[PDB]
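Enquirer: start-v1.cif is reproduced in full below (mmCIF, C-alpha atoms and all ligand atoms).
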```cif
data_work
loop_
_atom_site.label_atom_id
_atom_site.label_comp_id
_atom_site.auth_asym_id
_atom_site.auth_seq_id
_atom_site.Cartn_x
_atom_site.Cartn_y
_atom_site.Cartn_z
CA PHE J 22 -17.54 14.87 -11.79
CA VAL J 23 -18.55 11.39 -13.00
CA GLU J 24 -16.33 11.76 -16.08
CA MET J 25 -13.20 12.21 -13.93
CA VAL J 26 -13.96 9.41 -11.49
CA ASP J 27 -11.71 6.37 -11.98
CA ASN J 28 -9.40 8.26 -14.37
CA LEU J 29 -6.27 6.91 -12.66
CA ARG J 30 -4.49 3.66 -13.47
CA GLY J 31 -1.27 1.97 -12.47
CA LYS J 32 0.59 -1.03 -11.14
CA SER J 33 1.39 -1.80 -7.51
CA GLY J 34 4.50 0.15 -6.53
CA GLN J 35 4.85 1.79 -9.94
CA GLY J 36 2.69 4.85 -9.19
CA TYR J 37 -0.59 6.30 -10.44
CA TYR J 38 -0.95 7.79 -13.91
CA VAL J 39 -3.52 9.82 -15.81
CA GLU J 40 -3.98 9.87 -19.58
CA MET J 41 -2.99 13.17 -21.21
CA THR J 42 -2.71 14.52 -24.74
CA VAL J 43 0.09 16.74 -25.98
CA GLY J 44 0.57 18.65 -29.23
CA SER J 45 -1.47 19.21 -32.38
CA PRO J 46 -2.66 16.71 -33.46
CA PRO J 47 -2.89 15.34 -29.89
CA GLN J 48 -0.48 12.60 -28.87
CA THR J 49 -1.69 10.44 -26.01
CA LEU J 50 0.70 9.79 -23.14
CA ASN J 51 0.29 8.12 -19.75
CA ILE J 52 1.61 10.53 -17.13
CA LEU J 53 2.56 9.97 -13.49
CA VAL J 54 0.52 12.01 -11.01
CA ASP J 55 3.15 13.52 -8.75
CA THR J 56 2.35 15.91 -5.91
CA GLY J 57 6.02 15.76 -4.96
CA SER J 58 7.43 17.76 -7.87
CA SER J 59 6.52 20.71 -10.10
CA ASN J 60 7.65 19.97 -13.66
CA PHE J 61 5.58 18.60 -16.49
CA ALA J 62 8.17 16.32 -18.09
CA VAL J 63 7.68 13.71 -20.80
CA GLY J 64 9.98 11.28 -22.56
CA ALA J 65 10.63 12.57 -26.06
CA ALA J 66 12.96 9.91 -27.41
CA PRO J 67 12.68 6.17 -28.13
CA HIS J 68 13.94 4.90 -24.78
CA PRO J 69 13.55 1.09 -25.05
CA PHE J 70 11.55 0.92 -21.80
CA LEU J 71 8.83 3.33 -22.94
CA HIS J 72 5.62 2.39 -24.74
CA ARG J 73 5.48 5.81 -26.40
CA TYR J 74 7.02 9.28 -26.41
CA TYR J 75 6.43 12.94 -27.27
CA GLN J 76 7.43 13.59 -30.88
CA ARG J 77 7.94 17.34 -31.20
CA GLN J 78 8.40 17.12 -34.98
CA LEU J 79 4.75 16.09 -35.35
CA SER J 80 3.27 18.98 -33.39
CA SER J 81 2.21 22.15 -35.18
CA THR J 82 1.72 23.91 -31.85
CA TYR J 83 5.10 23.10 -30.33
CA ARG J 84 7.32 26.06 -29.48
CA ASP J 85 11.00 25.73 -28.60
CA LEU J 86 12.12 27.62 -25.50
CA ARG J 87 15.80 27.17 -26.39
CA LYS J 88 16.77 26.09 -22.88
CA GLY J 89 17.91 22.80 -21.35
CA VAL J 90 17.40 21.50 -17.82
CA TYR J 91 19.26 18.86 -15.76
CA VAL J 92 17.49 17.15 -12.85
CA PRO J 93 19.36 14.75 -10.49
CA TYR J 94 17.67 12.64 -7.79
CA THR J 95 18.33 10.22 -4.92
CA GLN J 96 18.86 7.50 -7.52
CA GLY J 97 17.33 8.52 -10.84
CA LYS J 98 18.18 11.45 -13.11
CA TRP J 99 16.95 13.15 -16.28
CA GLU J 100 17.80 16.00 -18.63
CA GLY J 101 15.58 17.58 -21.26
CA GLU J 102 14.64 20.43 -23.56
CA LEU J 103 12.10 23.04 -22.53
CA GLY J 104 9.29 24.09 -24.84
CA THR J 105 5.55 24.71 -24.81
CA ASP J 106 2.59 22.98 -26.43
CA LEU J 107 -1.17 22.45 -26.21
CA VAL J 108 -2.04 19.96 -23.47
CA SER J 109 -5.29 18.22 -22.58
CA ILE J 110 -6.65 15.64 -20.14
CA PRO J 111 -9.20 13.38 -21.91
CA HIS J 112 -10.88 12.30 -18.67
CA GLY J 113 -10.77 15.75 -17.12
CA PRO J 114 -11.96 19.32 -17.79
CA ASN J 115 -13.10 19.79 -21.41
CA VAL J 116 -10.31 22.31 -21.87
CA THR J 117 -6.96 22.86 -23.62
CA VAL J 118 -3.94 24.65 -22.19
CA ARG J 119 -0.54 25.89 -23.33
CA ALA J 120 1.86 24.53 -20.73
CA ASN J 121 5.61 24.25 -20.37
CA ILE J 122 6.99 20.85 -21.30
CA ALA J 123 10.34 19.33 -20.43
CA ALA J 124 11.05 16.99 -23.33
CA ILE J 125 13.16 14.26 -21.75
CA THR J 126 16.04 13.39 -24.05
CA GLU J 127 18.12 11.34 -21.60
CA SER J 128 17.60 9.65 -18.24
CA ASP J 129 19.03 7.10 -15.81
CA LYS J 130 17.16 4.82 -13.38
CA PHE J 131 14.19 7.21 -13.46
CA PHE J 132 11.60 5.63 -15.75
CA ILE J 133 10.36 2.24 -14.60
CA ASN J 134 11.07 -0.77 -16.81
CA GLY J 135 7.63 -2.34 -16.86
CA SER J 136 5.59 0.77 -16.11
CA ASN J 137 2.88 2.01 -18.46
CA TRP J 138 3.70 5.69 -17.93
CA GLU J 139 6.17 7.80 -19.91
CA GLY J 140 5.96 11.21 -18.23
CA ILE J 141 5.61 13.12 -14.96
CA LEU J 142 2.88 15.56 -13.96
CA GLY J 143 4.44 17.58 -11.15
CA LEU J 144 1.53 19.05 -9.21
CA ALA J 145 3.56 21.02 -6.65
CA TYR J 146 4.53 24.70 -6.71
CA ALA J 147 6.83 26.85 -8.86
CA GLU J 148 9.30 27.34 -5.99
CA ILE J 149 10.78 23.87 -6.55
CA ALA J 150 10.25 23.77 -10.31
CA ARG J 151 13.42 23.28 -12.36
CA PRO J 152 15.46 25.11 -13.57
CA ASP J 153 13.81 27.77 -11.39
CA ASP J 154 10.47 29.26 -10.31
CA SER J 155 10.09 31.20 -13.56
CA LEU J 156 8.94 27.96 -15.19
CA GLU J 157 5.17 27.96 -14.75
CA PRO J 158 4.00 24.53 -13.54
CA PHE J 159 1.08 22.89 -15.35
CA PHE J 160 -1.65 23.53 -12.80
CA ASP J 161 -0.80 27.23 -12.55
CA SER J 162 -1.20 27.44 -16.34
CA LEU J 163 -4.48 25.52 -16.17
CA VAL J 164 -5.89 28.00 -13.66
CA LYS J 165 -4.69 31.17 -15.40
CA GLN J 166 -5.90 30.14 -18.85
CA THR J 167 -9.27 28.62 -17.95
CA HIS J 168 -12.04 28.88 -15.37
CA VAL J 169 -11.03 25.61 -13.74
CA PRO J 170 -11.08 26.23 -9.96
CA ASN J 171 -7.73 26.35 -8.16
CA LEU J 172 -7.78 22.93 -6.52
CA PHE J 173 -7.75 19.22 -7.23
CA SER J 174 -8.39 16.12 -5.18
CA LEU J 175 -7.02 12.59 -5.19
CA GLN J 176 -8.40 9.25 -4.14
CA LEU J 177 -5.83 6.48 -4.57
CA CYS J 178 -7.53 3.12 -4.22
CA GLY J 179 -4.77 0.58 -4.74
CA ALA J 191 -1.87 -6.40 -10.17
CA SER J 192 -3.59 -3.19 -11.29
CA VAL J 193 -4.45 -0.24 -9.09
CA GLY J 194 -6.94 2.56 -9.69
CA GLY J 195 -8.00 5.99 -8.49
CA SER J 196 -9.45 9.38 -9.31
CA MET J 197 -8.01 12.81 -9.98
CA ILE J 198 -10.83 15.32 -9.72
CA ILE J 199 -9.45 18.46 -11.32
CA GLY J 200 -11.09 21.70 -10.24
CA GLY J 201 -13.29 20.27 -7.53
CA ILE J 202 -14.40 17.64 -5.05
CA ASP J 203 -16.49 14.55 -5.69
CA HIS J 204 -18.42 13.85 -2.50
CA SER J 205 -19.00 10.18 -3.34
CA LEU J 206 -15.30 9.38 -2.88
CA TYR J 207 -15.32 9.92 0.89
CA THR J 208 -17.37 9.24 4.01
CA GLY J 209 -17.61 11.40 7.11
CA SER J 210 -16.24 14.93 7.00
CA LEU J 211 -13.18 16.54 5.45
CA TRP J 212 -10.69 18.03 7.89
CA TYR J 213 -8.22 20.61 6.66
CA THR J 214 -4.57 21.15 7.47
CA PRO J 215 -2.73 24.32 6.39
CA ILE J 216 -0.18 24.19 3.60
CA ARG J 217 2.80 25.68 5.44
CA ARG J 218 4.65 27.03 2.42
CA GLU J 219 3.81 26.80 -1.28
CA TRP J 220 6.73 24.74 -2.58
CA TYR J 221 6.13 21.09 -1.80
CA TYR J 222 2.79 20.37 -0.20
CA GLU J 223 4.26 20.94 3.23
CA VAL J 224 2.20 20.24 6.33
CA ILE J 225 2.86 19.99 10.04
CA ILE J 226 2.52 16.92 12.24
CA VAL J 227 1.96 17.86 15.88
CA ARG J 228 1.57 14.43 17.51
CA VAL J 229 2.15 10.77 16.63
CA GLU J 230 0.34 7.84 18.23
CA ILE J 231 0.96 4.14 17.70
CA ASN J 232 -2.17 2.24 18.79
CA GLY J 233 -3.16 5.32 20.82
CA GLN J 234 0.13 5.66 22.67
CA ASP J 235 2.02 8.91 22.14
CA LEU J 236 5.67 8.52 21.12
CA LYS J 237 6.34 11.55 23.33
CA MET J 238 8.96 12.95 20.95
CA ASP J 239 9.52 16.66 20.41
CA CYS J 240 7.06 17.60 17.67
CA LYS J 241 9.84 19.27 15.65
CA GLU J 242 11.31 15.82 15.00
CA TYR J 243 8.12 14.71 13.28
CA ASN J 244 8.70 17.48 10.74
CA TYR J 245 12.48 17.59 10.47
CA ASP J 246 13.31 18.96 8.15
CA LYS J 247 9.84 18.86 6.59
CA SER J 248 6.63 16.90 6.17
CA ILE J 249 5.10 16.63 2.72
CA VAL J 250 2.23 14.94 0.93
CA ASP J 251 3.64 13.01 -2.00
CA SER J 252 1.56 10.92 -4.42
CA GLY J 253 4.84 10.02 -6.11
CA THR J 254 6.06 8.09 -3.07
CA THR J 255 4.94 4.61 -2.03
CA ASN J 256 5.82 4.46 1.67
CA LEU J 257 5.14 6.38 4.82
CA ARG J 258 8.66 7.75 5.12
CA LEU J 259 9.68 9.11 8.51
CA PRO J 260 12.81 10.88 9.78
CA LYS J 261 15.33 8.46 11.32
CA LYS J 262 14.74 9.35 14.97
CA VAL J 263 10.95 9.26 14.53
CA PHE J 264 11.20 6.06 12.49
CA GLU J 265 13.40 4.61 15.23
CA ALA J 266 10.79 5.25 17.92
CA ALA J 267 8.01 4.24 15.54
CA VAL J 268 9.34 0.75 14.85
CA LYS J 269 10.04 -0.24 18.46
CA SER J 270 6.55 0.93 19.49
CA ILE J 271 5.10 -0.98 16.54
CA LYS J 272 7.33 -3.95 17.38
CA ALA J 273 6.36 -3.80 21.07
CA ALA J 274 2.70 -3.59 20.09
CA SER J 275 3.30 -6.65 17.89
CA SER J 276 4.90 -9.02 20.41
CA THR J 277 2.58 -11.96 19.65
CA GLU J 278 4.86 -13.01 16.78
CA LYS J 279 8.52 -12.18 16.01
CA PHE J 280 10.44 -10.72 13.05
CA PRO J 281 14.07 -10.26 11.84
CA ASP J 282 15.58 -6.82 12.58
CA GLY J 283 16.71 -6.30 8.99
CA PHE J 284 13.12 -6.50 7.73
CA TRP J 285 11.95 -3.41 9.64
CA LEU J 286 14.61 -1.57 7.62
CA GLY J 287 13.13 -2.83 4.36
CA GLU J 288 16.36 -4.72 3.69
CA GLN J 289 14.30 -7.92 3.59
CA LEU J 290 10.75 -9.12 2.96
CA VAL J 291 8.35 -11.20 5.03
CA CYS J 292 5.50 -13.58 4.19
CA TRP J 293 2.62 -15.42 5.87
CA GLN J 294 -0.33 -17.62 4.91
CA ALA J 295 -3.69 -16.81 3.30
CA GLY J 296 -6.42 -16.01 5.81
CA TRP J 300 -4.57 -8.39 11.07
CA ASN J 301 -5.24 -7.49 14.71
CA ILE J 302 -1.72 -8.18 16.01
CA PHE J 303 -0.70 -4.87 14.41
CA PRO J 304 -1.25 -1.35 15.83
CA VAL J 305 -3.11 1.41 14.01
CA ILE J 306 -1.08 4.55 13.35
CA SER J 307 -2.34 8.08 13.94
CA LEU J 308 -0.82 11.33 12.74
CA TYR J 309 -2.13 14.51 14.33
CA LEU J 310 -2.06 17.42 11.90
CA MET J 311 -2.22 21.16 12.52
CA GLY J 312 -5.84 22.22 12.12
CA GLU J 313 -7.38 25.37 10.69
CA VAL J 314 -7.79 27.10 14.05
CA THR J 315 -5.26 28.11 16.71
CA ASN J 316 -4.56 25.27 19.14
CA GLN J 317 -6.82 22.80 17.33
CA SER J 318 -5.74 19.70 15.46
CA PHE J 319 -7.13 16.50 14.03
CA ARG J 320 -5.78 13.01 13.50
CA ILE J 321 -5.71 10.66 10.54
CA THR J 322 -5.52 6.96 11.37
CA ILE J 323 -4.33 4.10 9.17
CA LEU J 324 -4.44 0.33 9.52
CA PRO J 325 -1.76 -2.32 8.86
CA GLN J 326 -3.69 -2.87 5.62
CA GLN J 327 -2.13 0.45 4.60
CA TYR J 328 1.43 0.01 5.87
CA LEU J 329 1.75 -3.70 5.12
CA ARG J 330 1.90 -3.87 1.34
CA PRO J 331 1.23 -7.19 -0.47
CA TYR J 343 3.99 -8.51 2.61
CA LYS J 344 6.54 -5.71 2.87
CA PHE J 345 6.84 -3.19 5.70
CA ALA J 346 5.87 0.05 4.00
CA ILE J 347 7.41 2.44 6.53
CA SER J 348 10.94 3.62 5.74
CA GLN J 349 13.42 6.11 7.16
CA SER J 350 14.34 9.42 5.55
CA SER J 351 16.88 12.23 5.55
CA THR J 352 14.54 14.60 3.71
CA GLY J 353 11.81 14.59 6.36
CA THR J 354 8.40 12.99 6.63
CA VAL J 355 6.90 11.85 3.34
CA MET J 356 3.20 11.04 3.46
CA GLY J 357 3.17 8.70 0.48
CA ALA J 358 0.64 6.17 -0.79
CA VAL J 359 0.66 4.39 2.57
CA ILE J 360 -1.17 7.46 3.86
CA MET J 361 -2.99 8.51 0.69
CA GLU J 362 -4.63 5.13 -0.03
CA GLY J 363 -6.51 5.44 3.25
CA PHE J 364 -7.91 8.88 2.53
CA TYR J 365 -9.54 11.22 0.06
CA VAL J 366 -7.05 14.07 -0.17
CA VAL J 367 -8.04 17.54 -1.31
CA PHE J 368 -5.39 19.99 -2.46
CA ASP J 369 -7.18 23.26 -1.80
CA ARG J 370 -4.63 25.61 -3.36
CA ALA J 371 -7.10 28.49 -3.38
CA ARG J 372 -7.35 28.33 0.40
CA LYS J 373 -3.78 27.18 1.01
CA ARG J 374 -4.86 23.99 2.77
CA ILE J 375 -5.13 20.22 2.40
CA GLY J 376 -8.26 18.25 3.28
CA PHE J 377 -8.34 14.70 4.58
CA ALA J 378 -11.37 12.43 4.63
CA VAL J 379 -11.82 8.70 5.08
CA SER J 380 -11.65 7.17 1.60
CA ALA J 381 -14.65 5.25 0.27
CA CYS J 382 -12.26 2.78 -1.39
CA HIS J 383 -9.76 2.04 1.39
CA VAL J 384 -9.27 -1.61 2.41
CA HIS J 385 -10.14 -2.55 5.99
CA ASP J 386 -11.17 -5.18 8.55
CA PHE J 388 -13.43 -4.51 13.12
CA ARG J 389 -11.06 -1.63 12.37
CA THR J 390 -11.28 1.21 9.84
CA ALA J 391 -9.14 4.11 8.63
CA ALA J 392 -10.24 7.26 10.41
CA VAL J 393 -10.14 11.06 10.31
CA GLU J 394 -11.13 12.52 13.66
CA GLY J 395 -11.25 15.85 15.48
CA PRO J 396 -11.26 18.33 16.89
CA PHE J 397 -8.46 18.05 19.45
CA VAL J 398 -6.64 20.65 21.54
CA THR J 399 -2.92 20.87 20.86
CA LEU J 400 -0.86 23.79 22.12
CA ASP J 401 2.21 25.35 20.43
CA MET J 402 1.56 23.62 17.11
CA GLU J 403 3.51 26.29 15.21
CA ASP J 404 6.56 25.27 17.25
CA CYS J 405 6.46 21.84 15.59
CA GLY J 406 7.67 23.32 12.31
CA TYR J 407 11.35 23.38 11.41
CA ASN J 408 13.26 26.49 10.33
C1 LIG J 501 9.80 11.02 -4.59
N1 LIG J 501 9.97 11.66 -5.90
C2 LIG J 501 11.14 11.60 -6.55
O1 LIG J 501 12.05 10.87 -6.19
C3 LIG J 501 11.33 12.44 -7.78
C4 LIG J 501 10.05 12.39 -8.60
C5 LIG J 501 10.04 13.56 -9.58
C6 LIG J 501 10.06 11.09 -9.40
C7 LIG J 501 8.76 10.87 -10.17
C8 LIG J 501 9.01 10.12 -8.87
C9 LIG J 501 9.51 8.75 -9.11
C10 LIG J 501 9.68 7.88 -8.04
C11 LIG J 501 10.15 6.59 -8.25
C12 LIG J 501 10.45 6.17 -9.54
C13 LIG J 501 10.27 7.03 -10.62
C14 LIG J 501 9.81 8.33 -10.40
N2 LIG J 501 8.89 12.46 -7.73
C15 LIG J 501 8.94 12.29 -6.48
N3 LIG J 501 7.93 12.71 -5.73
#
```
Written as structure tokens, how would this file's structure read?
Ligand SMILES: CN1C(=O)C[C@@](C)([C@@H]2C[C@H]2c2ccccc2)N=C1N
Expert:
Amino acid sequence: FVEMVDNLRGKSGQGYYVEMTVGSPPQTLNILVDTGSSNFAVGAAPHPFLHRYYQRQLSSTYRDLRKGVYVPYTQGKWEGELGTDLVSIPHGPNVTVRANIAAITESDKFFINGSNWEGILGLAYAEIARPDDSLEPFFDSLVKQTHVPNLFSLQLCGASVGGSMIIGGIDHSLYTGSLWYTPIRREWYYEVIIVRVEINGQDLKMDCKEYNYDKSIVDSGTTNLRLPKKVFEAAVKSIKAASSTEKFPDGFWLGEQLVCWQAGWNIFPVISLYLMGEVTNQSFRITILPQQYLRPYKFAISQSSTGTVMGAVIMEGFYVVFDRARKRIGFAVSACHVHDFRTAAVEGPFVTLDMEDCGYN
């Protein structure tokens, strides 16, 4: 898939985007790659902060759906007008698809002043698509209308950042070792189940339901490793305890402040998440380094009321395969992850009982 390798661009903290074309004749747009939502939504009006926007008046293949959608968030918000058009991905499958498009006509604190992307590619499932699950997400259209296989994979490599979105397959050069698969619990978000958490090898000994309360998702659209409050609580003290060589202000661990050192790692613990495996009572762990959770530094582990979010802190350490056809997600050590002595790891198999109990209901 040499043509799809390195098809992702971005800026640090502003997300990863892929180039797409929309309409006839094609209009090029940079589009955020977002495994955490399910709408294909593009700016369609001259917002001052956007480099370009979808102009429906220029497209011969645009079709109005005569329906509006309103989408609020934790901070941001957008509303738009639904329609359909021909969509392509220049550095992807040589293929063209009619997909739903939410033409964004108004927004607040959503788009990023400074970013080079003007749209969102929600790669998650219909169940959380807005207004409702009747609105066929892009990837479902891609699979129905073409012979592109029902999966994609992401390597996020991390001032410019880069990566690859292999659509319809797996490029074996982007990972070392073996891929280990965790089941997608339910097809809405990419929901997974964490069955054990170790800081530096030491179990936090929490009930495994807390790790996934109320959920645990894989989200390319999130920067941090976001954990539920109670888990995050226990995580920080363990990490703090493991890092007693030097001291830090309490507020910083809450992201309410930054920290900085001098040019020219070991005083920080590795972090392992055990995931439900493919077989009963078997699991595997993914391990990250401080080079993943200390972003150039800021502590890149936050607390959450929406559950565990495995954001770029996790994804930049691994090659992640979204095997939709087999309802599972594969993790492998990324060939582009930054390391020291130590190295990001994906290891198994392990025996873990009652893993299904770790899920929340
Ligand atoms: C975490 N998340 C959101 O808050 C909503 C969206 C749709 C939004 C595109 C993500 C985003 C995060 C920060 C700034 C702008 C957009 N995607 C997400 N996965």
Enquirer: Check every protein, DNA and RNA residue against ligand LIG 501 (chain J), keep those with an atom at most 7 Å away (counting all atoms listed in the file), and present them as a PDB file with C-alpha atoms, keeping the file's coordinate frame.
Expert:
```
ATOM      1  CA  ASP J  55       3.150  13.520  -8.750  1.00  0.00           C
ATOM      2  CA  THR J  56       2.350  15.910  -5.910  1.00  0.00           C
ATOM      3  CA  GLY J  57       6.020  15.760  -4.960  1.00  0.00           C
ATOM      4  CA  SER J  58       7.430  17.760  -7.870  1.00  0.00           C
ATOM      5  CA  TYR J  94      17.670  12.640  -7.790  1.00  0.00           C
ATOM      6  CA  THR J  95      18.330  10.220  -4.920  1.00  0.00           C
ATOM      7  CA  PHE J 131      14.190   7.210 -13.460  1.00  0.00           C
ATOM      8  CA  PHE J 132      11.600   5.630 -15.750  1.00  0.00           C
ATOM      9  CA  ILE J 133      10.360   2.240 -14.600  1.00  0.00           C
ATOM     10  CA  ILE J 141       5.610  13.120 -14.960  1.00  0.00           C
ATOM     11  CA  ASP J 251       3.640  13.010  -2.000  1.00  0.00           C
ATOM     12  CA  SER J 252       1.560  10.920  -4.420  1.00  0.00           C
ATOM     13  CA  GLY J 253       4.840  10.020  -6.110  1.00  0.00           C
ATOM     14  CA  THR J 254       6.060   8.090  -3.070  1.00  0.00           C
TER      15      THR J 254
END
```
Enquirer: Excluding region 30-44 of chain J and its own-chain neighbours fewer than 5 positions away, which residues fall within 10 Å of it when counting only C-alpha atoms? Please give them as an mmCIF file with C-alpha atoms, in the coordinates of the input.
Expert:
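Saved to around38.cif:
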```
data_model
loop_
_atom_site.group_PDB
_atom_site.id
_atom_site.type_symbol
_atom_site.label_atom_id
_atom_site.label_comp_id
_atom_site.auth_asym_id
_atom_site.auth_seq_id
_atom_site.Cartn_x
_atom_site.Cartn_y
_atom_site.Cartn_z
ATOM 1 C CA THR J 49 -1.690 10.440 -26.010
ATOM 2 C CA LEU J 50 0.700 9.790 -23.140
ATOM 3 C CA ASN J 51 0.290 8.120 -19.750
ATOM 4 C CA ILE J 52 1.610 10.530 -17.130
ATOM 5 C CA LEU J 53 2.560 9.970 -13.490
ATOM 6 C CA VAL J 54 0.520 12.010 -11.010
ATOM 7 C CA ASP J 55 3.150 13.520 -8.750
ATOM 8 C CA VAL J 63 7.680 13.710 -20.800
ATOM 9 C CA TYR J 75 6.430 12.940 -27.270
ATOM 10 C CA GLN J 76 7.430 13.590 -30.880
ATOM 11 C CA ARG J 77 7.940 17.340 -31.200
ATOM 12 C CA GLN J 78 8.400 17.120 -34.980
ATOM 13 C CA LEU J 79 4.750 16.090 -35.350
ATOM 14 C CA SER J 80 3.270 18.980 -33.390
ATOM 15 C CA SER J 81 2.210 22.150 -35.180
ATOM 16 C CA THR J 82 1.720 23.910 -31.850
ATOM 17 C CA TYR J 83 5.100 23.100 -30.330
ATOM 18 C CA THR J 105 5.550 24.710 -24.810
ATOM 19 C CA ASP J 106 2.590 22.980 -26.430
ATOM 20 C CA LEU J 107 -1.170 22.450 -26.210
ATOM 21 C CA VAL J 108 -2.040 19.960 -23.470
ATOM 22 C CA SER J 109 -5.290 18.220 -22.580
ATOM 23 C CA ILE J 110 -6.650 15.640 -20.140
ATOM 24 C CA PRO J 111 -9.200 13.380 -21.910
ATOM 25 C CA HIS J 112 -10.880 12.300 -18.670
ATOM 26 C CA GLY J 113 -10.770 15.750 -17.120
ATOM 27 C CA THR J 117 -6.960 22.860 -23.620
ATOM 28 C CA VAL J 118 -3.940 24.650 -22.190
ATOM 29 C CA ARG J 119 -0.540 25.890 -23.330
ATOM 30 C CA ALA J 120 1.860 24.530 -20.730
ATOM 31 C CA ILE J 122 6.990 20.850 -21.300
ATOM 32 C CA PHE J 132 11.600 5.630 -15.750
ATOM 33 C CA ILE J 133 10.360 2.240 -14.600
ATOM 34 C CA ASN J 134 11.070 -0.770 -16.810
ATOM 35 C CA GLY J 135 7.630 -2.340 -16.860
ATOM 36 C CA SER J 136 5.590 0.770 -16.110
ATOM 37 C CA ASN J 137 2.880 2.010 -18.460
ATOM 38 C CA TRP J 138 3.700 5.690 -17.930
ATOM 39 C CA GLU J 139 6.170 7.800 -19.910
ATOM 40 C CA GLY J 140 5.960 11.210 -18.230
ATOM 41 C CA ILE J 141 5.610 13.120 -14.960
ATOM 42 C CA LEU J 142 2.880 15.560 -13.960
ATOM 43 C CA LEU J 177 -5.830 6.480 -4.570
ATOM 44 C CA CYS J 178 -7.530 3.120 -4.220
ATOM 45 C CA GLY J 179 -4.770 0.580 -4.740
ATOM 46 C CA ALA J 191 -1.870 -6.400 -10.170
ATOM 47 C CA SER J 192 -3.590 -3.190 -11.290
ATOM 48 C CA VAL J 193 -4.450 -0.240 -9.090
ATOM 49 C CA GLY J 194 -6.940 2.560 -9.690
ATOM 50 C CA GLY J 195 -8.000 5.990 -8.490
ATOM 51 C CA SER J 196 -9.450 9.380 -9.310
ATOM 52 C CA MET J 197 -8.010 12.810 -9.980
ATOM 53 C CA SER J 252 1.560 10.920 -4.420
ATOM 54 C CA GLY J 253 4.840 10.020 -6.110
ATOM 55 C CA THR J 254 6.060 8.090 -3.070
ATOM 56 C CA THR J 255 4.940 4.610 -2.030
ATOM 57 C CA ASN J 256 5.820 4.460 1.670
ATOM 58 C CA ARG J 330 1.900 -3.870 1.340
ATOM 59 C CA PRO J 331 1.230 -7.190 -0.470
ATOM 60 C CA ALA J 358 0.640 6.170 -0.790
#
```
Enquirer: One number please: CA of residue 362 (chain J) to CA of residue 204 (chain J), in Å, one decimal.
Expert: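 CA of residue 362 (chain J) sits 16.5 Å away from CA of residue 204 (chain J).
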Enquirer: Between CA of residue 173 (chain J) and CA of residue 369 (chain J), what is the distance in Å, rounded to a tenth?
Expert: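 If I compute the distance from CA of residue 173 (chain J) to CA of residue 369 (chain J), I get 6.8 Å.
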Enquirer: When you count only C-alpha atoms, which of these residues is closest to residue 399 (chain J): J:347, J:268, J:227, J:249?
Expert: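 The answer is J:227, which sits nearest to residue 399 (chain J).
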Enquirer: Which distance in Å separates CA of residue 345 (chain J) and CA of residue 243 (chain J), to one decimal?
Expert: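 Those two atoms sit 19.5 Å apart.
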Enquirer: Go through J:314, J:103, J:323, J:216 one by one, measure the shortest atom-to-atom distance of each to residue 401 (chain J) using all atoms listed in the file, and give the residue with the smallest value.
Expert: J:314
Enquirer: Do you know which residues are at most 8 Å from residue 148 (chain J) counting all atoms listed in the file, after dropping those on the same chain fewer than 4 positions away, and could you put them as number ranges by chain?
Expert: J: 153-154, 219-220
Enquirer: Hey, can I get the axis-aligned box for region 162-179 of chain J? All listed atoms, 4 Å padding on each side, centre and edge lengths in Å to one decimal, as AutoDock Vina command-line options.
Expert:
```
--center_x -6.6 --center_y 15.9 --center_z -11.5 --size_x 18.8 --size_y 38.6 --size_z 22.7
```
Enquirer: Please list as a compact mmCIF listing (two decimals) with C-alpha atoms, in the coordinates of the input every residue within 7 Å of residue 247 (chain J), counting all atoms listed in the file and excluding residues in the same chain fewer than 3 positions away.
Expert:
```
# COMPACT_ATOMS: atom_id res chain seq x y z
CA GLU J 223 4.26 20.94 3.23
CA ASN J 244 8.70 17.48 10.74
CA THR J 352 14.54 14.60 3.71
CA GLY J 353 11.81 14.59 6.36
CA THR J 354 8.40 12.99 6.63
CA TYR J 407 11.35 23.38 11.41
```
Enquirer: Identify, on the basis of all atoms listed in the file, every residue whose closest approach to residue 365 (chain J) does not exceed 8 Å; exclude the query and any residue fewer than 5 positions from it along the same chain; express the result as a ChimeraX atom specification.
Expert: /J:174-177,206-207,376-381
Enquirer: Between J:245, J:344, J:360, J:23, single out the one closest to residue 202 (chain J), counting all atoms listed in the file.
Expert: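 Comparing J:245, J:344, J:360, J:23 against residue 202 (chain J), the winner is J:23.
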Enquirer: Restricting the calculation to only C-alpha atoms, which member of J:280, J:364, J:300, J:99 is positioned closest to residue 392 (chain J)?
Expert: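 For residue 392 (chain J), the nearest of the given residues is J:364.
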Enquirer: Which residues, written as a PyMOL selection string, have at least one atom at most 8 Å from residue 305 (chain J), with only C-alpha atoms counted and residues fewer than 5 positions away on the same chain left out?
Expert: chain J and resi 231-233+322-325
Enquirer: Using only C-alpha atoms, please write the residues we just selected to a file, as an mmCIF file, in the frame of the given file.
Expert:
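Here's the written file part-v4.cif:
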```cif
data_model
loop_
_atom_site.group_PDB
_atom_site.id
_atom_site.type_symbol
_atom_site.label_atom_id
_atom_site.label_comp_id
_atom_site.auth_asym_id
_atom_site.auth_seq_id
_atom_site.Cartn_x
_atom_site.Cartn_y
_atom_site.Cartn_z
ATOM 1 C CA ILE J 231 0.960 4.140 17.700
ATOM 2 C CA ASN J 232 -2.170 2.240 18.790
ATOM 3 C CA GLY J 233 -3.160 5.320 20.820
ATOM 4 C CA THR J 322 -5.520 6.960 11.370
ATOM 5 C CA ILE J 323 -4.330 4.100 9.170
ATOM 6 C CA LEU J 324 -4.440 0.330 9.520
ATOM 7 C CA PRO J 325 -1.760 -2.320 8.860
#
```
